[PDB]
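S.K.: If you scroll down you'll find the structure; I have some questions about it.
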Amino acid sequence: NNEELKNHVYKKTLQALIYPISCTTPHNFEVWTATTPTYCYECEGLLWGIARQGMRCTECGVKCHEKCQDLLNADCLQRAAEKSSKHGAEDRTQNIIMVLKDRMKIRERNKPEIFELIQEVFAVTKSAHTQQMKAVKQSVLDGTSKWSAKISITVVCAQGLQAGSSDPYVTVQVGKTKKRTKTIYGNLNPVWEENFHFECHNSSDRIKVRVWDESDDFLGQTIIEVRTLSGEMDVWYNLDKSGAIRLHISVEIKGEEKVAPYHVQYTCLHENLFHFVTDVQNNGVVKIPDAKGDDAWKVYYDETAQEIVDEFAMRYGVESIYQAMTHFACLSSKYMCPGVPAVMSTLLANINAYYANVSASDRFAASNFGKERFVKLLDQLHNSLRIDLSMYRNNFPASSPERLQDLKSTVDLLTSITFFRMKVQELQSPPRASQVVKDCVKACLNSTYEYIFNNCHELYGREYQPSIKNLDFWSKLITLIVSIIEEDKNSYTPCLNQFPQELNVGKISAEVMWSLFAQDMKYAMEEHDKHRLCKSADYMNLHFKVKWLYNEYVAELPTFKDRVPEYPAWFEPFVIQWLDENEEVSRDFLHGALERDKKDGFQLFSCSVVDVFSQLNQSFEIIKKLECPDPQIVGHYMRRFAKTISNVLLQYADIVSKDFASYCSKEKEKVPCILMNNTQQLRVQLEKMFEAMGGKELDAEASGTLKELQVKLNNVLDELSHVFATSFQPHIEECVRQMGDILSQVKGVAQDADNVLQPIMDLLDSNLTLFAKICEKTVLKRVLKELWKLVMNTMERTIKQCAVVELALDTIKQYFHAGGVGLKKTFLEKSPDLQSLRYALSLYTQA
Ligand SMILES: [Cl-]
Ligand SMILES: [Zn+2]
Ligand SMILES: [Zn+2]
């Protein structure tokens, strides 16, 4: 076949359209009474007296009821010419022949495009086409002269019969001969497999097949016209009134060079017509015909090829669903082409609705297209569409809206194949539409990621312009990943909205891309940790960029909405390094700042402290803007940074301590004071930073380090105050001997206090007034406790008489109390120095 059959189908199609069934002569029925027992042509009902009057055709001579005249199937002219042939009245035979010629000329004249189309579809020359045409014209004029055929009908089985059971048997009548099969009892899907033979010399002796339930009940019938018989047929017929019946017919006519059934011929015609209008004419594009709407899928071409397939199918008994199911199997070969997925989805939806009182899968087993054929086809098409979607971004760019439509409609066709499996083939299908599409999108994402990971620089440099010596590659890669996820979020998600609660293209994109990029980045940083050939600033910016990505696209995904992020672990060592370098820079800035402050003259606090804390706060700003979500790691950062702060401020304290015993001389009296003020300033702003780092929320180790540091600082300030008080010891000794000389003069009370205190009064007013101006609270009080200590120490080393010293003692007590600005009396009274001096006085205070 394919060469012999192709030609046979060519001939039969020509003959099928040169005289179409659309322009057929209508019978002319007049009331008729049968004088002898006749039987109706359709229902075979009896015709007799005036009580059973029928109708008669004045040209055919066919006999039927009034209620049956419309249900006939037999060309009027062909029947007439056949009758004249049975007889011999040749005059009318030729007359009718002439009228047939005329009605074929009419057709060739009116619609000549059809026959040239047939010519080109089968690639037949003009000459041979005219000869073969000329031949079929005459074959139409011979509907009896050269027709006879031995028929062999094997009744195989039936299905879905209407009864709660039945005992069906089949009767097969040709012309006068009538036979029947065995009876199967209690079976609505029986099997006969009975063979019969028939002679069909006539032409209007149709093969009547009727199924009865064992007068008997009527279960259905199929009438097989003679025009629809070739070679060896195996056909399911729907019973007319209910189920179907399967017949295996074989025909022999005369010279039938092994003709093939008209189903096979039809698939040939449809395949070649498709392969013509698609490839040869449109060069490849599958022209999509009109639609709208209830009978859209019922149309395949325009009024120029639709006529060919339809007239071929009607005049040879090919059912509509066979047409549709062959056309689908043709489109399947052109599913990739634009606009086809849609019509294939609708077409399959109708093939699906046509098959959904017998099961659905078994009913579908009755389709003559092919039990396994159609399901194998559908399987190949499904397994093909998933391959086509596994590269959807490449095969369906977001650019062309039409291509995006072909994507949406491809997913629709896939859902329709599955739906066909769930409502027709009948079975549980683990391949669920949404989940299969999901799998395909995942595969496409993997391919895409590997593609941008193999062409990072090329693509980046093409649009926005891995190494151990450089990190630019990762910045570019992140940028391109953002591009991909943004395209999946902007274009492909609105298009693939077939499954809103199970397929959010954007979120799958985000998740997959992040996972791949995450294991890649992780490995890369684990590699960089051993080597470390780049700047800490670079690792920092990369930490910042990965952060931005995760927070922008992944953090809010259900899979990663549940804490904790994993990426900050990749970077912890590098930021540790950055903290070391930062520490070193901060020390060098401390030294450099204290040189400007010394060289300037130390102009209530100076500028070096706010400079140091400005530096440290610049450093801390970076750690705070990292917004690290892993609590243990951020706690690690604070743990490491507390050490930085501690060593910095201790460095300050040690430097000033080195230069303290040098500015205390009787020269600069503002400088030491403002230095101690600076230490105190460290003491106050440290706490501000302590709460800036969390406060009590801070880690245990770090918090411990900072408070221990606080202790240390306080101790430093104490030591400093001590050293500063020692600066005045000689002057105080002078005052104590100067008052010691007047101490002996007094002899026989209130005025004497002033005369004895005058030497130290200069110190009291002159110094406690100067410190009151440029000293901090804590600073001043420290100096006061120390100075007091040293006063009591000195007045116990050099030295009416008795009362004077005690009253003066109270006077000094009040002067150091300074009313309410200096020390508190509660301390002065229970002071260890005061009671020591009083105890010393008790030895002489006897008179
Ligand atoms: Cl073929
Ligand atoms: Zn008629
Ligand atoms: Zn009738």
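Labeling convention for the structure tokens: chains A, B, ... as they appear, residues from 1 per chain, ligands from 1 in order of appearance.
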Taking only C-alpha atoms and all ligand atoms and a cut-off of 8 Å, can you tell me which residues surround ligand 2, written as an MDAnalysis selection string?
M.R.: chainID A and resid 25:29 57:62 75:77 79:80
S.K.: Write out the residues from the selection above, keeping N, CA and C atoms, as a compact mmCIF listing (two decimals), in the first residue's frame.
M.R.:
```txt
# COMPACT_ATOMS: atom_id res chain seq x y z
N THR A 25 -31.81 13.57 -5.94
CA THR A 25 -33.20 13.74 -6.36
C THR A 25 -34.15 13.27 -5.27
N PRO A 26 -35.16 14.06 -4.89
CA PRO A 26 -36.13 13.61 -3.89
C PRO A 26 -37.21 12.72 -4.50
N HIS A 27 -37.58 11.68 -3.76
CA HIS A 27 -38.66 10.81 -4.20
C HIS A 27 -39.95 11.60 -4.37
N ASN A 28 -40.87 11.04 -5.15
CA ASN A 28 -42.18 11.65 -5.41
C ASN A 28 -43.24 10.63 -4.99
N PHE A 29 -43.64 10.68 -3.72
CA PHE A 29 -44.57 9.71 -3.16
C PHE A 29 -46.01 10.14 -3.36
N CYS A 57 -43.44 5.67 -4.95
CA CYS A 57 -42.70 6.64 -5.74
C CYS A 57 -43.03 6.43 -7.21
N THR A 58 -43.37 7.52 -7.91
CA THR A 58 -43.74 7.41 -9.31
C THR A 58 -42.55 7.13 -10.21
N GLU A 59 -41.33 7.38 -9.74
CA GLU A 59 -40.11 7.10 -10.50
C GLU A 59 -39.35 5.89 -9.97
N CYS A 60 -39.28 5.72 -8.65
CA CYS A 60 -38.59 4.56 -8.09
C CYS A 60 -39.48 3.33 -8.09
N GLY A 61 -40.73 3.48 -7.64
CA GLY A 61 -41.56 2.34 -7.36
C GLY A 61 -41.31 1.73 -6.01
N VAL A 62 -40.70 2.48 -5.09
CA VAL A 62 -40.44 1.99 -3.75
C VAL A 62 -41.73 2.08 -2.93
N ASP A 75 -30.63 6.45 -3.43
CA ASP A 75 -30.70 7.47 -4.46
C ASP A 75 -31.87 7.18 -5.39
N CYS A 76 -32.64 8.23 -5.71
CA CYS A 76 -33.82 8.05 -6.55
C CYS A 76 -33.40 7.68 -7.97
N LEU A 77 -32.57 8.52 -8.60
CA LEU A 77 -32.16 8.26 -9.98
C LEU A 77 -31.43 6.92 -10.09
N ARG A 79 -31.71 4.30 -8.27
CA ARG A 79 -32.69 3.22 -8.16
C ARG A 79 -33.48 3.06 -9.46
N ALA A 80 -33.92 4.17 -10.05
CA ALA A 80 -34.64 4.09 -11.32
C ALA A 80 -33.80 3.39 -12.38
```
S.K.: Using the chain letters and numbers from this document, which residues of stretch 486-704 of chain A does DSSP assign to helix (DSSP H, G or I), as a PyMOL selection string?
M.R.: chain A and resi 486-495+505-531+536-554+558-561+568-600+608-625+631-658+671-692+695-697+700-704
S.K.: Could you tell me which of A:83, A:206, A:105, A:528 comes closest to residue A:145 if we count only C-alpha atoms?
M.R.: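 Looking only at the distances to residue A:145, the closest residue turns out to be A:83.
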S.K.: Could you give me, as a PyMOL selection string, the residues within 7 Å of stretch 588-590 of chain A, counting only C-alpha atoms and dropping anything in the same chain fewer than 4 positions from it?
M.R.: chain A and resi 584+594+612
S.K.: Kindly export the residues of the current selection with N, CA and C atoms, as a PDB file, in the first residue's frame.
M.R.:
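File again-v9.pdb, as written:
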```
ATOM      1  N   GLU A 584      42.539  46.471  64.604  1.00  0.00           N
ATOM      2  CA  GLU A 584      43.855  47.071  64.391  1.00  0.00           C
ATOM      3  C   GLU A 584      43.729  48.529  63.951  1.00  0.00           C
ATOM      4  N   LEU A 594      44.905  60.673  69.915  1.00  0.00           N
ATOM      5  CA  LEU A 594      45.493  61.198  71.140  1.00  0.00           C
ATOM      6  C   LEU A 594      46.716  62.055  70.851  1.00  0.00           C
ATOM      7  N   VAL A 612      37.090  58.630  69.445  1.00  0.00           N
ATOM      8  CA  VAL A 612      37.205  57.185  69.629  1.00  0.00           C
ATOM      9  C   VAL A 612      35.836  56.522  69.505  1.00  0.00           C
TER      10      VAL A 612
END
```
S.K.: Set out as CSV a contact list for chain A and ligand 3 with a cut-off of 6 Å, giving each residue of chain A that qualifies its closest atom pair and distance in Å to one decimal, counting only C-alpha atoms and all ligand atoms, ordered by chain and rising residue number.
M.R.:
```
residue,atom,partner,partner_atom_place_in_ligand_line,distance
A:40,CA,ligand 3,1 (Zn),4.7
A:42,CA,ligand 3,1 (Zn),5.4
A:43,CA,ligand 3,1 (Zn),4.5
A:45,CA,ligand 3,1 (Zn),5.4
A:64,CA,ligand 3,1 (Zn),4.8
A:65,CA,ligand 3,1 (Zn),4.2
A:68,CA,ligand 3,1 (Zn),4.6
```
S.K.: Counting only C-alpha atoms, what is within 8 Å of residue A:513, bar same-chain residues fewer than 5 positions away, as a PyMOL selection string?
M.R.: chain A and resi 445-446+449+481+485
S.K.: Quick one: write out the picked residues with N, CA and C atoms as a JSON list (two decimals), in the first residue's frame?
M.R.:
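Now in again.json:
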```json
[["chain", "number", "residue", "atom", "x", "y", "z"],
["A", 445, "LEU", "N", 14.34, 24.75, 35.29],
["A", 445, "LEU", "CA", 15.12, 25.63, 36.15],
["A", 445, "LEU", "C", 16.54, 25.12, 36.32],
["A", 446, "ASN", "N", 16.70, 23.83, 36.58],
["A", 446, "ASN", "CA", 18.05, 23.27, 36.68],
["A", 446, "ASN", "C", 18.86, 23.58, 35.42],
["A", 449, "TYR", "N", 19.76, 27.35, 35.30],
["A", 449, "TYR", "CA", 20.80, 27.71, 36.26],
["A", 449, "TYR", "C", 22.16, 27.24, 35.78],
["A", 481, "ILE", "N", 20.60, 35.60, 38.36],
["A", 481, "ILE", "CA", 19.58, 34.85, 39.08],
["A", 481, "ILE", "C", 18.38, 35.74, 39.35],
["A", 485, "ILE", "N", 14.47, 34.96, 38.25],
["A", 485, "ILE", "CA", 13.34, 34.92, 39.18],
["A", 485, "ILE", "C", 12.36, 36.04, 38.88]]
```
S.K.: With only C-alpha atoms as the counted atoms, please give the residues lying no more than 9 Å from residue A:147, apart from itself and same-chain residues fewer than 2 positions off, as an NGL selection string.
M.R.: :A and (142-145 or 149 or 200-203 or 253-254)
S.K.: As a quick test: using only C-alpha atoms and all ligand atoms, which residues lie no more than 7 Å away from ligand 1? Give them as a PyMOL selection string.
M.R.: chain A and resi 2+268+271
S.K.: Could you list, as a VMD selection string, every residue within 12 Å of residue A:263, counting only C-alpha atoms and ignoring same-chain residues fewer than 3 positions away?
M.R.: chain A and resid 9 228 to 236 259 to 260 266 to 270 309 312 to 314 316 to 323 325 to 326 367 to 370
S.K.: For the residues in that selection, give me N, CA and C atoms as a compact mmCIF listing (two decimals), in the first residue's frame.
M.R.:
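Now in out_25.txt:
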```txt
# COMPACT_ATOMS: atom_id res chain seq x y z
N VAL A 9 -7.56 5.21 -3.30
CA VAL A 9 -8.28 6.25 -2.56
C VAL A 9 -8.47 7.47 -3.45
N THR A 228 -21.04 1.13 0.85
CA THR A 228 -20.00 1.20 1.87
C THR A 228 -19.42 -0.18 2.17
N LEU A 229 -18.83 -0.84 1.18
CA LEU A 229 -18.26 -2.17 1.38
C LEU A 229 -16.98 -2.33 0.57
N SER A 230 -15.87 -2.62 1.24
CA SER A 230 -14.61 -2.89 0.56
C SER A 230 -13.75 -3.83 1.39
N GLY A 231 -13.07 -4.74 0.70
CA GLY A 231 -12.14 -5.70 1.30
C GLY A 231 -12.62 -6.42 2.55
N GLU A 232 -11.88 -6.25 3.66
CA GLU A 232 -12.16 -6.94 4.91
C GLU A 232 -12.37 -5.90 6.01
N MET A 233 -13.63 -5.67 6.37
CA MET A 233 -14.00 -4.68 7.36
C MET A 233 -14.18 -5.34 8.72
N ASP A 234 -13.87 -4.58 9.76
CA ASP A 234 -14.08 -4.98 11.15
C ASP A 234 -14.61 -3.72 11.83
N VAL A 235 -15.92 -3.64 12.01
CA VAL A 235 -16.57 -2.37 12.33
C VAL A 235 -17.52 -2.55 13.50
N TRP A 236 -17.52 -1.57 14.41
CA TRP A 236 -18.53 -1.44 15.44
C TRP A 236 -19.62 -0.49 14.95
N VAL A 259 -8.67 -4.44 -2.53
CA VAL A 259 -9.08 -3.15 -2.00
C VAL A 259 -9.05 -3.19 -0.47
N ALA A 260 -8.98 -2.00 0.13
CA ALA A 260 -8.88 -1.89 1.58
C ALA A 260 -10.10 -1.19 2.14
N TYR A 266 -10.10 6.33 4.37
CA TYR A 266 -10.34 7.65 4.94
C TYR A 266 -9.10 8.17 5.66
N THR A 267 -8.48 7.34 6.50
CA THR A 267 -7.26 7.79 7.17
C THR A 267 -6.20 8.18 6.15
N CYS A 268 -6.14 7.46 5.04
CA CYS A 268 -5.24 7.84 3.95
C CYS A 268 -5.56 9.24 3.43
N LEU A 269 -6.82 9.47 3.07
CA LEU A 269 -7.22 10.77 2.54
C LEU A 269 -6.92 11.89 3.54
N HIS A 270 -7.22 11.66 4.82
CA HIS A 270 -7.03 12.70 5.83
C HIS A 270 -5.55 12.99 6.03
N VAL A 309 -13.42 15.63 2.74
CA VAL A 309 -13.44 14.65 3.82
C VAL A 309 -14.87 14.30 4.20
N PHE A 312 -16.68 12.31 1.44
CA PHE A 312 -16.09 10.97 1.45
C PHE A 312 -16.61 10.16 2.63
N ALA A 313 -16.74 10.78 3.80
CA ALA A 313 -17.13 10.05 5.00
C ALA A 313 -18.61 9.66 4.96
N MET A 314 -19.46 10.54 4.42
CA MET A 314 -20.89 10.26 4.39
C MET A 314 -21.22 9.19 3.36
N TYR A 316 -19.54 6.87 2.33
CA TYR A 316 -18.91 5.58 2.60
C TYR A 316 -19.03 5.16 4.06
N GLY A 317 -19.83 5.86 4.86
CA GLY A 317 -20.13 5.40 6.20
C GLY A 317 -18.92 5.40 7.11
N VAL A 318 -18.31 6.57 7.28
CA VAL A 318 -17.26 6.78 8.27
C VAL A 318 -17.82 7.76 9.29
N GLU A 319 -17.86 7.34 10.55
CA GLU A 319 -18.54 8.12 11.57
C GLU A 319 -17.76 9.40 11.87
N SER A 320 -18.47 10.37 12.44
CA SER A 320 -17.86 11.66 12.76
C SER A 320 -16.68 11.49 13.72
N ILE A 321 -16.85 10.67 14.76
CA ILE A 321 -15.80 10.53 15.76
C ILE A 321 -14.55 9.93 15.14
N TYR A 322 -14.69 9.13 14.09
CA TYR A 322 -13.52 8.61 13.40
C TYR A 322 -12.76 9.74 12.71
N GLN A 323 -13.49 10.64 12.05
CA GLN A 323 -12.89 11.85 11.51
C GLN A 323 -12.12 12.60 12.60
N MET A 325 -11.08 11.78 15.56
CA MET A 325 -9.98 11.04 16.18
C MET A 325 -8.83 10.76 15.21
N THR A 326 -9.05 10.87 13.90
CA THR A 326 -7.94 10.79 12.97
C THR A 326 -7.26 12.16 12.85
N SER A 367 -14.71 2.36 19.73
CA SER A 367 -14.28 3.27 18.68
C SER A 367 -13.47 2.52 17.64
N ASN A 368 -13.76 2.76 16.37
CA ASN A 368 -13.10 2.05 15.29
C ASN A 368 -11.70 2.57 14.99
N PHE A 369 -11.31 3.72 15.54
CA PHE A 369 -9.96 4.23 15.29
C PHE A 369 -8.89 3.27 15.78
N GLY A 370 -9.08 2.68 16.95
CA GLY A 370 -8.05 1.81 17.49
C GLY A 370 -8.00 1.75 18.99
```
S.K.: Find the residues around stretch 169-181 of chain A up to 8 Å (only C-alpha atoms counted), leave out those fewer than 2 positions away in its own chain, and share them as an MDAnalysis selection string.
M.R.: chainID A and resid 167 183:184 192 194 198 200 205:214
S.K.: List every residue of stretch 57-289 of chain A that DSSP, applied to the backbone of this structure, assigns to strand (DSSP E or B), and report them as a PyMOL selection string.
M.R.: chain A and resi 57+63-64+150-159+168-174+177-180+191-199+207-213+217-224+232-238+240+244-252
S.K.: Using only C-alpha atoms, find each residue in stretch 653-757 of chain A having at least one atom no more than 10 Å away from stretch 767-775 of chain A; report its shortest atom-to-atom pair and that distance in Å (one decimal), rows by chain then rising number, as CSV.
M.R.:
```
residue,atom,partner,partner_atom,distance
A:669,CA,A:770,CA,9.1
A:670,CA,A:774,CA,7.4
A:673,CA,A:775,CA,6.2
A:674,CA,A:775,CA,7.1
A:675,CA,A:775,CA,9.9
A:676,CA,A:775,CA,8.4
A:677,CA,A:775,CA,6.6
```
